[PDB]
Structure formats: structure tokens, C-alpha cells
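Visitor: The following file, structure-v5.cif, comprises mmCIF, C-alpha atoms:
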data_input
#
loop_
_atom_site.label_atom_id
_atom_site.label_comp_id
_atom_site.auth_asym_id
_atom_site.auth_seq_id
_atom_site.Cartn_x
_atom_site.Cartn_y
_atom_site.Cartn_z
CA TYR D 1 -4.03 -27.68 -17.89
CA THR D 2 -4.17 -30.79 -15.73
CA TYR D 3 -7.71 -32.13 -15.57
CA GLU D 4 -8.73 -35.08 -13.41
CA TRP D 5 -12.03 -36.72 -12.64
CA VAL D 6 -13.37 -39.80 -10.86
CA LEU D 7 -15.86 -42.33 -12.25
CA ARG D 8 -18.58 -44.06 -10.26
CA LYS D 9 -18.25 -47.82 -9.84
CA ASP D 10 -21.56 -48.28 -8.01
CA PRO D 11 -23.71 -50.70 -10.06
CA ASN D 12 -26.93 -49.10 -8.83
CA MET D 13 -25.70 -45.63 -9.81
CA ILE D 14 -24.17 -46.26 -13.22
CA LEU D 15 -26.60 -48.98 -14.35
CA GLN D 16 -30.37 -48.62 -14.66
CA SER D 17 -32.69 -51.61 -14.32
CA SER D 18 -36.24 -52.06 -15.56
CA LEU D 19 -37.13 -53.37 -12.09
CA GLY D 20 -35.02 -51.22 -9.77
CA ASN D 21 -33.64 -54.23 -7.91
CA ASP D 22 -30.41 -54.07 -5.95
CA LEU D 23 -27.61 -54.69 -8.43
CA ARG D 24 -24.85 -54.93 -5.82
CA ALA D 25 -26.56 -58.00 -4.36
CA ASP D 26 -27.35 -59.27 -7.88
CA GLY D 27 -23.79 -59.76 -9.11
CA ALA D 28 -23.52 -56.56 -11.15
CA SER D 29 -20.05 -55.04 -11.44
CA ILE D 30 -17.93 -52.91 -13.76
CA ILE D 31 -14.21 -52.69 -14.53
CA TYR D 32 -12.65 -49.70 -16.30
CA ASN D 33 -9.57 -50.64 -18.33
CA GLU D 34 -8.82 -47.62 -20.54
CA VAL D 35 -10.35 -44.22 -19.80
CA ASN D 36 -9.06 -41.63 -22.29
CA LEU D 37 -10.09 -38.03 -22.93
CA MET D 38 -10.97 -37.11 -26.51
CA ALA D 39 -10.86 -33.55 -27.80
CA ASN D 40 -11.52 -31.79 -31.10
CA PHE D 41 -9.26 -28.89 -32.08
CA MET D 42 -10.31 -26.48 -34.80
CA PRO D 43 -7.22 -25.90 -37.01
CA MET D 44 -7.85 -22.19 -37.46
CA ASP D 45 -4.87 -20.15 -38.62
CA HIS D 46 -2.46 -19.37 -35.81
CA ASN D 47 -2.56 -15.70 -36.82
CA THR D 48 -6.31 -16.00 -36.18
CA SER D 49 -6.30 -18.30 -33.14
CA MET N 1 -24.87 20.21 29.34
CA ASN N 2 -28.04 20.33 27.23
CA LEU N 3 -28.62 17.28 25.05
CA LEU N 4 -30.77 19.04 22.45
CA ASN N 5 -27.55 20.64 21.16
CA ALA N 6 -25.63 17.36 21.39
CA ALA N 7 -24.03 16.30 18.13
CA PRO N 8 -26.05 13.47 16.55
CA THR N 9 -24.49 10.10 15.92
CA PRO N 10 -23.65 9.75 12.21
CA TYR N 11 -25.72 7.89 9.63
CA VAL N 12 -23.55 5.12 8.21
CA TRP N 13 -24.79 3.79 4.87
CA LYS N 14 -25.73 0.28 3.76
CA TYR N 15 -24.54 -0.86 0.35
CA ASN N 16 -25.96 -4.27 -0.70
CA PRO N 17 -23.14 -5.04 -3.18
CA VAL N 18 -24.91 -7.93 -4.90
CA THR N 19 -27.41 -5.61 -6.57
CA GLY N 20 -25.16 -2.56 -6.26
CA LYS N 21 -28.01 -0.18 -5.43
CA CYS N 22 -27.90 1.70 -2.15
CA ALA N 23 -29.57 -0.20 0.70
CA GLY N 24 -30.26 2.79 2.96
CA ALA N 25 -28.57 4.29 5.99
CA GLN N 26 -28.74 3.58 9.71
CA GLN N 27 -28.12 5.47 12.91
CA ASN N 28 -24.50 4.58 13.76
CA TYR N 29 -25.33 2.48 16.79
CA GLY N 30 -22.50 0.06 16.01
CA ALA N 31 -19.94 2.63 17.21
CA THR N 32 -21.24 4.52 20.24
CA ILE N 33 -20.20 5.19 23.83
CA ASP N 34 -21.94 4.29 27.11
CA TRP N 35 -21.83 7.56 29.04
CA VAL N 36 -25.22 8.76 30.35
CA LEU N 37 -25.41 6.43 33.34
CA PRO N 38 -21.76 5.70 34.30
CA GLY N 39 -19.96 8.62 32.67
CA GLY N 40 -22.17 11.32 34.13
CA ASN N 41 -21.35 14.99 33.82
CA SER N 42 -17.62 14.70 33.11
CA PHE N 43 -18.11 12.24 30.23
CA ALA N 44 -21.21 13.87 28.74
CA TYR N 45 -18.99 16.67 27.43
CA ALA N 46 -16.35 14.18 26.30
CA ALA N 47 -18.89 12.13 24.34
CA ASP N 48 -20.33 15.29 22.79
CA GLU N 49 -16.83 16.41 21.80
CA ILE N 50 -16.12 13.03 20.20
CA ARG N 51 -19.42 13.10 18.33
CA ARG N 52 -18.89 16.63 17.00
CA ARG N 53 -15.32 15.74 15.97
CA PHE N 54 -16.73 13.11 13.62
CA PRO N 55 -15.19 13.94 10.22
CA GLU N 56 -17.31 15.88 7.78
CA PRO N 57 -18.20 13.87 4.66
CA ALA N 58 -15.55 15.51 2.45
CA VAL N 59 -12.78 14.36 4.80
CA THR N 60 -14.17 10.82 4.85
CA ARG N 61 -14.32 10.87 1.04
CA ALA N 62 -10.70 12.01 0.82
CA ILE N 63 -9.51 9.39 3.32
CA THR N 64 -11.38 6.58 1.56
CA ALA N 65 -10.09 7.65 -1.86
CA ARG N 66 -6.54 7.74 -0.49
CA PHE N 67 -7.13 4.31 1.06
CA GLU N 68 -8.15 2.63 -2.19
CA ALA N 69 -5.59 4.56 -4.20
CA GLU N 70 -3.07 2.32 -2.39
CA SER N 71 -5.07 -0.90 -2.79
CA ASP N 72 -2.88 -2.56 -5.55
CA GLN N 73 -6.13 -3.87 -7.10
CA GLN N 74 -7.36 -0.94 -9.13
CA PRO N 75 -9.97 -1.80 -11.77
CA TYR N 76 -7.43 -0.89 -14.47
CA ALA N 77 -3.94 -2.33 -14.74
CA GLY N 78 -1.09 -0.37 -13.22
CA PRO N 79 2.48 -0.62 -14.50
CA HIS N 80 2.99 -3.91 -12.63
CA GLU N 81 -0.07 -5.54 -14.18
CA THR N 82 0.34 -4.06 -17.66
CA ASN N 83 3.96 -5.25 -17.82
CA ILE N 84 2.81 -8.88 -17.75
CA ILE N 85 -0.27 -8.05 -19.81
CA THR N 86 2.17 -6.93 -22.53
CA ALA N 87 4.70 -9.70 -21.87
CA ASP N 88 2.46 -12.55 -23.02
CA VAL N 89 0.92 -10.73 -26.00
CA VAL N 90 4.47 -10.00 -27.15
CA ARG N 91 5.29 -13.72 -26.86
CA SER N 92 1.86 -15.01 -27.95
CA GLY N 93 0.98 -16.45 -31.33
CA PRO N 94 3.46 -17.36 -34.06
CA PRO N 95 6.98 -16.10 -33.37
CA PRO N 96 7.98 -12.90 -35.18
CA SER N 97 11.59 -13.99 -35.76
CA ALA N 98 10.53 -17.38 -37.16
CA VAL N 99 11.75 -17.42 -40.77
CA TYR N 100 9.28 -19.92 -42.18
CA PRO N 101 9.15 -20.65 -45.92
CA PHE N 102 6.29 -19.49 -48.11
CA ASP N 103 5.74 -21.93 -50.99
CA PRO N 104 3.40 -20.50 -53.66
CA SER N 105 3.76 -23.60 -55.85
CA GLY N 106 0.66 -25.11 -57.43
CA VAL N 107 2.40 -28.50 -57.54
CA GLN N 108 4.83 -30.13 -55.11
CA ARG N 109 4.53 -28.03 -51.97
CA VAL N 110 6.51 -28.37 -48.74
CA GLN N 111 5.13 -29.95 -45.57
CA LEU N 112 5.73 -27.28 -42.88
CA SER N 113 5.42 -29.41 -39.76
CA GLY N 114 6.23 -26.26 -37.82
CA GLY N 115 5.37 -25.24 -34.29
CA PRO N 116 2.33 -14.68 -45.40
CA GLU N 117 0.57 -11.81 -43.64
CA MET N 118 1.31 -11.23 -39.96
CA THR N 119 -0.55 -9.17 -37.37
CA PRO N 120 1.32 -6.20 -35.85
CA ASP N 121 2.23 -6.31 -32.18
CA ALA N 122 0.44 -3.03 -31.45
CA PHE N 123 -2.83 -4.45 -32.80
CA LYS N 124 -2.14 -7.68 -30.93
CA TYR N 125 -2.00 -5.71 -27.68
CA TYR N 126 -5.01 -3.64 -28.76
CA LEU N 127 -7.11 -6.80 -28.98
CA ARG N 128 -6.11 -7.80 -25.44
CA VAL N 129 -6.62 -4.32 -23.95
CA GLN N 130 -9.82 -3.00 -25.55
CA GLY N 131 -12.76 -2.51 -23.22
CA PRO N 132 -16.47 -3.10 -23.78
CA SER N 133 -18.89 -1.25 -26.05
CA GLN N 134 -20.95 0.01 -23.09
CA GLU N 135 -18.69 2.87 -21.89
CA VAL N 136 -21.60 4.28 -19.85
CA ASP N 137 -22.78 3.36 -16.37
CA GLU N 138 -26.26 2.40 -15.15
CA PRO N 139 -28.11 4.99 -13.02
CA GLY N 140 -28.46 3.88 -9.42
CA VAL N 141 -25.90 1.04 -9.62
CA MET N 142 -22.36 1.71 -8.45
CA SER N 143 -19.32 -0.18 -7.20
CA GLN N 144 -18.22 -0.52 -3.58
CA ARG N 145 -15.38 1.98 -3.89
CA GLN N 146 -17.63 4.22 -5.99
CA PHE N 147 -20.33 3.90 -3.33
CA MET N 148 -17.88 4.68 -0.51
CA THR N 149 -16.57 7.79 -2.25
CA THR N 150 -20.19 8.89 -2.58
CA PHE N 151 -22.85 8.14 0.07
CA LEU N 152 -20.70 9.44 2.90
CA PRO N 153 -21.48 8.83 6.59
CA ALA N 154 -22.19 12.21 8.16
CA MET N 155 -24.06 13.73 11.07
CA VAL N 156 -27.60 14.77 10.15
CA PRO N 157 -28.82 17.07 12.95
CA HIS N 158 -32.59 17.57 12.97
CA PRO N 159 -33.19 15.30 9.95
CA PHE N 160 -36.95 14.71 10.13
CA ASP N 161 -38.23 18.29 10.25
CA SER N 162 -37.60 19.79 6.78
CA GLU N 163 -40.37 20.57 4.29
CA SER N 164 -40.39 17.46 2.15
CA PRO N 165 -37.08 15.63 2.21
CA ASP N 166 -37.30 12.75 4.70
CA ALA N 167 -34.78 9.88 4.22
CA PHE N 168 -33.80 6.86 2.09
CA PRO N 169 -34.33 3.55 3.97
CA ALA N 170 -35.40 1.44 0.98
CA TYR N 171 -37.58 3.53 -1.27
CA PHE N 172 -38.28 5.20 -4.58
CA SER N 173 -39.93 8.64 -4.51
CA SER N 174 -42.21 9.32 -7.47
CA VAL N 175 -45.36 11.10 -6.28
CA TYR N 176 -43.78 14.32 -4.90
CA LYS N 177 -44.18 12.90 -1.37
CA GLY N 178 -41.77 10.54 0.33
CA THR N 179 -43.05 7.11 -0.69
CA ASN N 180 -40.89 4.47 0.94
CA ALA N 181 -42.18 1.68 -1.22
CA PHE N 182 -41.53 -1.51 -3.18
CA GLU N 183 -43.91 -3.01 -0.61
#
Please, can you express the file's structure as C-alpha cells?
Guide:
Amino acid sequence: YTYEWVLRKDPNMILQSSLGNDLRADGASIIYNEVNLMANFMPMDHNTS
Amino acid sequence: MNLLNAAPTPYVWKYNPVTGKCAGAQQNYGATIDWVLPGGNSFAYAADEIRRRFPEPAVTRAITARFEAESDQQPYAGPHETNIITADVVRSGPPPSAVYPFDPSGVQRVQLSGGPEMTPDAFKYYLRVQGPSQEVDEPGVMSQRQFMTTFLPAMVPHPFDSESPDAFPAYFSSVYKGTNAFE
């Protein structure tokens, strides 16, 4: 299965302020370097899985 | 001609698939002919002949059943679908021909990077094929093909004059008199 998604970069969206001020005009920014996808696999017996 | 003996236009049914319960029937106005004003005498008989040649419900049932017997999307798998339903279950899980070692040693066992009891293929297919535990339908709820084989559009001449059957617009009769209800 190929599974894609897109992450918000809007500072107002992703970040929450205690004042609600505009973060785009207040120098807020984000950079995503590594975005991996973790997953847990139960190792149940193949004859059972 | 005399219009009291004219064949009535059929009652086509309404299904409401989302619930599945019958949604009533309507006078088949969606398929009718404009003949009284322009057609006159010569087309009055023609329209009556067309109306009285409307198939009786058994014929409509047979035609619909023959129609969805050729669908290719029957609820149950035909040979084409069951071939590939069997194909993956045959090739699913650990390979049958894989001769992998069994090491019943309490010390110094093997690693088995891989990729002793085994399930039979017949049971493997049985797991994939078995149906639910319901095995019994709900009264009043039926599928679209099931509803079209039943609830057949037919002419109902003189419908509203019998003793106490009336009709089924959207109702539930409980009090021995026709109580079109759920107000």
C-alpha cells in the first residue's frame, strides 16, 4: 500500500498562542526535515495471521 | 370508446433503497401518452390498446429476474469470482512446499530468518468463504433486486372500492382499518 499525506506549514494552524495573535506576521515558521511513518506489527504466528 | 372500461395506467413502485423498506407506489404518470386532445378518436383506441398490453406482473418478474441473472455482479461469487477467491487463499500464508527445519533443541537452536502444524487448504478456503451467523432476513427490508422481483408494477383497475384493502403510500396498518400513519 502506498500512503501519502501532506502536513500544514501555516504557523497559525499548527501553533497555538495564548494570545491568538497573528504568527505569520510575528516571525513564526516551521521546517520539516525528516517525516517518517512508524508502525507496530504484532508477530503472531504466520499460520495464525 | 368508453373511458370507464379504459385500462388503467400501472402503479409503479417506489423503493427507498437506503432503508430498504418499500416507499409506496405511484400512478405511472412518468410514462404516459398525450392522446385525448390531439389524438382524438383514432388514438383513443391505440392508447387503450397500449395500456391493456402492459405486461402482467408475472411477466415483469420473469423479465427482471432474467435481466439480473445476466448482471455479472450476483451477491455470491460465480466461477469467475471464485477462481480468484481460491487463487489467493491457495497462495496465501506460509508456502506449503517450503521445507523449513523444525529444531526441538532445548539448547543451541537455529535462527530461521525465513520469509510444525500447518492448516489445511480446504479449511483455509473455508475461513475465507464462510458467511455470517444471521442466515435469516429482516421482515419488511429487502434488496433492490429482491424488491424488483416482488412489488411488481401492474394495472389496478377500480382500486379504491373494495371492502377494506385501500393502498400502501407510506403506512402501517394495525387497527383493522387502513391507517396511513407514522405522522
Visitor: Please tabulate, as a tab-separated table, the residues of chain N that come within 9 Å of chain D, each with its closest pair of atoms and the distance in Å to one decimal, counting all atoms listed in the file and ordering rows by chain, then residue number upward.
Guide:
residue	atom	partner	partner_atom	distance
N:93	CA	D:46	CA	6.4
N:94	CA	D:46	CA	6.5
N:117	CA	D:47	CA	8.5
N:118	CA	D:47	CA	6.7
N:119	CA	D:47	CA	6.9
Visitor: Which is closer to residue 73 in chain N than all the others in N:179, N:145, N:47, N:27, using only C-alpha atoms?
Guide: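 Residue with the minimum atom-to-atom distance to residue 73 in chain N: N:145.
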Visitor: May I have the residues within 8 Å of residue 51 in chain N as a list in words, using only C-alpha atoms and disregarding those fewer than 5 positions away in the same chain?
Guide: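 Near residue 51 in chain N, the qualifying residues are residues 7, 8 and 9 of chain N.
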Visitor: Applying the PyMOL selection byres ((chain N and resi 95) around 12) to the file I just gave you, which residues come out? Please list them as an NGL selection string.
Guide: (:D and (46-47)) or (:N and (88-94 or 96-100 or 114-115 or 118-121))
Visitor: Counting only C-alpha atoms, what is within 12 Å of residue 171 in chain N, bar same-chain residues fewer than 5 positions away, as a short mmCIF file (atom, residue, chain, number, x, y, z; two decimals) with C-alpha atoms, in the coordinates of the input?
Guide:
data_model
loop_
_atom_site.label_atom_id
_atom_site.label_comp_id
_atom_site.auth_asym_id
_atom_site.auth_seq_id
_atom_site.Cartn_x
_atom_site.Cartn_y
_atom_site.Cartn_z
CA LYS N 21 -28.01 -0.18 -5.43
CA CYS N 22 -27.90 1.70 -2.15
CA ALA N 23 -29.57 -0.20 0.70
CA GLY N 24 -30.26 2.79 2.96
CA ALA N 25 -28.57 4.29 5.99
CA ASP N 166 -37.30 12.75 4.70
CA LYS N 177 -44.18 12.90 -1.37
CA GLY N 178 -41.77 10.54 0.33
CA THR N 179 -43.05 7.11 -0.69
CA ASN N 180 -40.89 4.47 0.94
CA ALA N 181 -42.18 1.68 -1.22
CA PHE N 182 -41.53 -1.51 -3.18
CA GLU N 183 -43.91 -3.01 -0.61
#
Visitor: Step by step, gather every atom of range 3-18 of chain D that the file lists, find the box along x, y and z that holds them, add 3 Å on each side, and finally give centre and edge lengths in Å to one decimal, as AutoDock Vina command-line options.
Guide:
--center_x -22.0 --center_y -42.1 --center_z -11.8 --size_x 34.5 --size_y 25.9 --size_z 13.6
Visitor: Mind giving me the straight-line distance from CA of residue 33 in chain D to CA of residue 9 in chain D in Å, one decimal?
Guide: 12.5 Å
Visitor: List as a PyMOL selection string the protein and nucleic acid residues near residue 11 in chain N, meaning an atom at most 8 Å away when only C-alpha atoms are counted, but skip any in the same chain fewer than 4 places from it.
Guide: chain N and resi 25-28+153-156
Visitor: Go ahead and save the residues from that selection, with C-alpha atoms, as an mmCIF file, keeping the file's coordinate frame.
Guide:
data_model
loop_
_atom_site.group_PDB
_atom_site.id
_atom_site.type_symbol
_atom_site.label_atom_id
_atom_site.label_comp_id
_atom_site.auth_asym_id
_atom_site.auth_seq_id
_atom_site.Cartn_x
_atom_site.Cartn_y
_atom_site.Cartn_z
ATOM 1 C CA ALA N 25 -28.570 4.290 5.990
ATOM 2 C CA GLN N 26 -28.740 3.580 9.710
ATOM 3 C CA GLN N 27 -28.120 5.470 12.910
ATOM 4 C CA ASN N 28 -24.500 4.580 13.760
ATOM 5 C CA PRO N 153 -21.480 8.830 6.590
ATOM 6 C CA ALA N 154 -22.190 12.210 8.160
ATOM 7 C CA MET N 155 -24.060 13.730 11.070
ATOM 8 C CA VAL N 156 -27.600 14.770 10.150
#
Visitor: If you keep N, CA, C and O atoms, can you output range 5-34 of chain D as a PDB file, in the first residue's frame?
Guide:
ATOM      1  N   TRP D   5       0.539  11.753   2.536  1.00  0.00           N
ATOM      2  CA  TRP D   5      -0.212  12.749   3.275  1.00  0.00           C
ATOM      3  C   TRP D   5       0.540  14.063   3.117  1.00  0.00           C
ATOM      4  O   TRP D   5       1.683  14.083   2.656  1.00  0.00           O
ATOM      5  N   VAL D   6      -0.102  15.162   3.501  1.00  0.00           N
ATOM      6  CA  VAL D   6       0.519  16.481   3.436  1.00  0.00           C
ATOM      7  C   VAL D   6       0.333  17.197   4.770  1.00  0.00           C
ATOM      8  O   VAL D   6      -0.748  17.159   5.367  1.00  0.00           O
ATOM      9  N   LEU D   7       1.404  17.828   5.244  1.00  0.00           N
ATOM     10  CA  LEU D   7       1.441  18.478   6.547  1.00  0.00           C
ATOM     11  C   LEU D   7       1.265  19.982   6.400  1.00  0.00           C
ATOM     12  O   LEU D   7       1.827  20.594   5.488  1.00  0.00           O
ATOM     13  N   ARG D   8       0.492  20.577   7.304  1.00  0.00           N
ATOM     14  CA  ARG D   8       0.328  22.023   7.298  1.00  0.00           C
ATOM     15  C   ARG D   8       1.622  22.715   7.706  1.00  0.00           C
ATOM     16  O   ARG D   8       2.323  22.272   8.620  1.00  0.00           O
ATOM     17  N   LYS D   9       1.938  23.808   7.016  1.00  0.00           N
ATOM     18  CA  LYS D   9       3.047  24.674   7.388  1.00  0.00           C
ATOM     19  C   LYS D   9       2.581  26.029   7.896  1.00  0.00           C
ATOM     20  O   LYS D   9       3.420  26.880   8.207  1.00  0.00           O
ATOM     21  N   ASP D  10       1.278  26.250   7.985  1.00  0.00           N
ATOM     22  CA  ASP D  10       0.747  27.527   8.439  1.00  0.00           C
ATOM     23  C   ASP D  10       1.029  27.700   9.926  1.00  0.00           C
ATOM     24  O   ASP D  10       0.578  26.876  10.730  1.00  0.00           O
ATOM     25  N   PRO D  11       1.771  28.733  10.334  1.00  0.00           N
ATOM     26  CA  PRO D  11       2.046  28.909  11.769  1.00  0.00           C
ATOM     27  C   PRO D  11       0.797  29.107  12.605  1.00  0.00           C
ATOM     28  O   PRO D  11       0.751  28.634  13.747  1.00  0.00           O
ATOM     29  N   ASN D  12      -0.220  29.791  12.080  1.00  0.00           N
ATOM     30  CA  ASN D  12      -1.450  29.972  12.844  1.00  0.00           C
ATOM     31  C   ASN D  12      -2.180  28.650  13.036  1.00  0.00           C
ATOM     32  O   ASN D  12      -2.762  28.404  14.098  1.00  0.00           O
ATOM     33  N   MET D  13      -2.164  27.789  12.020  1.00  0.00           N
ATOM     34  CA  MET D  13      -2.836  26.500  12.123  1.00  0.00           C
ATOM     35  C   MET D  13      -2.123  25.587  13.111  1.00  0.00           C
ATOM     36  O   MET D  13      -2.702  25.160  14.116  1.00  0.00           O
ATOM     37  N   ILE D  14      -0.856  25.278  12.836  1.00  0.00           N
ATOM     38  CA  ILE D  14      -0.152  24.249  13.594  1.00  0.00           C
ATOM     39  C   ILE D  14       0.125  24.709  15.021  1.00  0.00           C
ATOM     40  O   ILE D  14       0.073  23.908  15.962  1.00  0.00           O
ATOM     41  N   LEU D  15       0.427  25.990  15.211  1.00  0.00           N
ATOM     42  CA  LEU D  15       0.828  26.509  16.509  1.00  0.00           C
ATOM     43  C   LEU D  15      -0.328  27.249  17.162  1.00  0.00           C
ATOM     44  O   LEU D  15      -1.082  27.961  16.495  1.00  0.00           O
ATOM     45  N   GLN D  16      -0.462  27.074  18.472  1.00  0.00           N
ATOM     46  CA  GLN D  16      -1.481  27.750  19.257  1.00  0.00           C
ATOM     47  C   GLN D  16      -0.812  28.736  20.202  1.00  0.00           C
ATOM     48  O   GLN D  16       0.148  28.385  20.894  1.00  0.00           O
ATOM     49  N   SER D  17      -1.318  29.961  20.226  1.00  0.00           N
ATOM     50  CA  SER D  17      -0.814  31.001  21.104  1.00  0.00           C
ATOM     51  C   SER D  17      -1.759  31.199  22.281  1.00  0.00           C
ATOM     52  O   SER D  17      -2.941  30.853  22.225  1.00  0.00           O
ATOM     53  N   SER D  18      -1.220  31.760  23.360  1.00  0.00           N
ATOM     54  CA  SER D  18      -2.049  32.147  24.493  1.00  0.00           C
ATOM     55  C   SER D  18      -2.705  33.500  24.287  1.00  0.00           C
ATOM     56  O   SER D  18      -3.499  33.923  25.133  1.00  0.00           O
ATOM     57  N   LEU D  19      -2.386  34.189  23.193  1.00  0.00           N
ATOM     58  CA  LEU D  19      -2.990  35.468  22.865  1.00  0.00           C
ATOM     59  C   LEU D  19      -3.757  35.461  21.553  1.00  0.00           C
ATOM     60  O   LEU D  19      -4.566  36.367  21.330  1.00  0.00           O
ATOM     61  N   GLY D  20      -3.534  34.475  20.689  1.00  0.00           N
ATOM     62  CA  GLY D  20      -4.223  34.429  19.417  1.00  0.00           C
ATOM     63  C   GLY D  20      -3.728  35.424  18.397  1.00  0.00           C
ATOM     64  O   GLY D  20      -4.428  35.687  17.415  1.00  0.00           O
ATOM     65  N   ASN D  21      -2.541  35.987  18.596  1.00  0.00           N
ATOM     66  CA  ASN D  21      -2.008  36.956  17.655  1.00  0.00           C
ATOM     67  C   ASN D  21      -1.607  36.274  16.352  1.00  0.00           C
ATOM     68  O   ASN D  21      -1.433  35.056  16.281  1.00  0.00           O
ATOM     69  N   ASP D  22      -1.466  37.084  15.308  1.00  0.00           N
ATOM     70  CA  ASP D  22      -1.030  36.574  14.015  1.00  0.00           C
ATOM     71  C   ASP D  22       0.418  36.117  14.110  1.00  0.00           C
ATOM     72  O   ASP D  22       1.313  36.921  14.390  1.00  0.00           O
ATOM     73  N   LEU D  23       0.652  34.825  13.877  1.00  0.00           N
ATOM     74  CA  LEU D  23       2.009  34.302  13.954  1.00  0.00           C
ATOM     75  C   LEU D  23       2.762  34.447  12.638  1.00  0.00           C
ATOM     76  O   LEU D  23       3.996  34.476  12.644  1.00  0.00           O
ATOM     77  N   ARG D  24       2.054  34.533  11.508  1.00  0.00           N
ATOM     78  CA  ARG D  24       2.745  34.773  10.246  1.00  0.00           C
ATOM     79  C   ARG D  24       3.446  36.123  10.257  1.00  0.00           C
ATOM     80  O   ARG D  24       4.590  36.242   9.805  1.00  0.00           O
ATOM     81  N   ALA D  25       2.776  37.152  10.773  1.00  0.00           N
ATOM     82  CA  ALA D  25       3.377  38.470  10.891  1.00  0.00           C
ATOM     83  C   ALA D  25       4.328  38.584  12.071  1.00  0.00           C
ATOM     84  O   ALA D  25       5.031  39.593  12.182  1.00  0.00           O
ATOM     85  N   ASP D  26       4.368  37.585  12.954  1.00  0.00           N
ATOM     86  CA  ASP D  26       5.220  37.612  14.135  1.00  0.00           C
ATOM     87  C   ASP D  26       6.373  36.618  14.037  1.00  0.00           C
ATOM     88  O   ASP D  26       6.800  36.052  15.045  1.00  0.00           O
ATOM     89  N   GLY D  27       6.870  36.381  12.825  1.00  0.00           N
ATOM     90  CA  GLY D  27       8.109  35.654  12.640  1.00  0.00           C
ATOM     91  C   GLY D  27       8.054  34.166  12.888  1.00  0.00           C
ATOM     92  O   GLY D  27       9.102  33.514  12.861  1.00  0.00           O
ATOM     93  N   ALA D  28       6.875  33.600  13.125  1.00  0.00           N
ATOM     94  CA  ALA D  28       6.770  32.169  13.370  1.00  0.00           C
ATOM     95  C   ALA D  28       6.896  31.397  12.064  1.00  0.00           C
ATOM     96  O   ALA D  28       6.371  31.812  11.027  1.00  0.00           O
ATOM     97  N   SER D  29       7.601  30.272  12.120  1.00  0.00           N
ATOM     98  CA  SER D  29       7.799  29.432  10.947  1.00  0.00           C
ATOM     99  C   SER D  29       8.174  28.034  11.412  1.00  0.00           C
ATOM    100  O   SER D  29       8.542  27.820  12.568  1.00  0.00           O
ATOM    101  N   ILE D  30       8.077  27.081  10.491  1.00  0.00           N
ATOM    102  CA  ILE D  30       8.415  25.691  10.779  1.00  0.00           C
ATOM    103  C   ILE D  30       9.071  25.083   9.549  1.00  0.00           C
ATOM    104  O   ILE D  30       8.726  25.416   8.412  1.00  0.00           O
ATOM    105  N   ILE D  31      10.041  24.204   9.784  1.00  0.00           N
ATOM    106  CA  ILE D  31      10.702  23.447   8.730  1.00  0.00           C
ATOM    107  C   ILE D  31      10.674  21.978   9.121  1.00  0.00           C
ATOM    108  O   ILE D  31      11.060  21.622  10.239  1.00  0.00           O
ATOM    109  N   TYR D  32      10.212  21.131   8.207  1.00  0.00           N
ATOM    110  CA  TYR D  32      10.160  19.691   8.425  1.00  0.00           C
ATOM    111  C   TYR D  32      11.339  19.048   7.707  1.00  0.00           C
ATOM    112  O   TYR D  32      11.450  19.146   6.481  1.00  0.00           O
ATOM    113  N   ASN D  33      12.215  18.391   8.467  1.00  0.00           N
ATOM    114  CA  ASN D  33      13.411  17.778   7.899  1.00  0.00           C
ATOM    115  C   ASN D  33      13.215  16.293   7.610  1.00  0.00           C
ATOM    116  O   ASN D  33      13.323  15.866   6.456  1.00  0.00           O
ATOM    117  N   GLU D  34      12.929  15.495   8.636  1.00  0.00           N
ATOM    118  CA  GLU D  34      12.554  14.100   8.455  1.00  0.00           C
ATOM    119  C   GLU D  34      11.119  13.911   8.917  1.00  0.00           C
ATOM    120  O   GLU D  34      10.758  14.335  10.019  1.00  0.00           O
TER     121      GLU D  34
END
